[PDB]
């Protein structure tokens, strides 16, 4: 039986690609409840890992919205291997304004993981007439789309780089590009720039490709 209009809305978010691929980092799944009325502000949360109920989840303080509604957030810390092995995370939301609870289930994108191929491209000859040059990192053939990409030099993330969102390729895998902008003088002086990638299908979940003149 479906809910009538004007009731709460539930959005379930996956952990960050980086958090799942580093044992030091803590990956978490996020259950966000919107359109929570003032008349019925209490939201109850029930979490399930492959159908088995858990209790470690924390409910964040309810944020007051400009549109006169409440945003209620539940944060569940997940085990790195549990998320990667494809375990289903169910968030159950109970509220007085609801006729029946809303249930959202999140899992790592199903499908054979595919190893990204990482390629660094120097600036086009035509760009060498400019004050700033572009160093390109092509990351392709990866699955799922969850990836972390960074341009760095001398152990510093570079101040001026941008990465495109992943794009679905014709073979069902994904690709993206990350554009690093540097002053031409730094490129002409032989400084080494590196594109660092983290993905579940890379050996040791990490690869680094470096480029220089």
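Residue numbers count along the first chain shown, from 1.
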TODO: Using only the Cα atoms and their B-factors as the entry lists them, report which of 184-192 and 46-54 averages higher.
DONE: 46-54
Open item on the list: Mean CA temperature factor from the deposited coordinates, higher in 193-201 or in 7-15?
Closed with: 7-15
Task: Peak C-alpha temperature factor (PDB record), options 117, 124, 120, 107 - done: 107
- [ ] Have a look at 41, 157, 166, 172 and flag the one whose Cα has the highest B-factor in the entry.
- [x] 41
Open item on the list: Using only modelled residues of the chain, where does the Cα B factor of residue 64 rank: lowest third, middle third or highest third?
Closed with: highest
Open item on the list: Using the temperature factors of the C-alpha atoms in this entry, rank residue 30 within its chain: lowest, middle or highest third.
Closed with: middle
Task: residue 98 - which third its CA temperature factor falls in, relative to the rest of the chain - done: highest
Open item on the list: Can you tell me whether residue 85 has a C-alpha B-factor in the lowest, middle or highest third compared with the other modelled residues of the same chain?
Closed with: highest
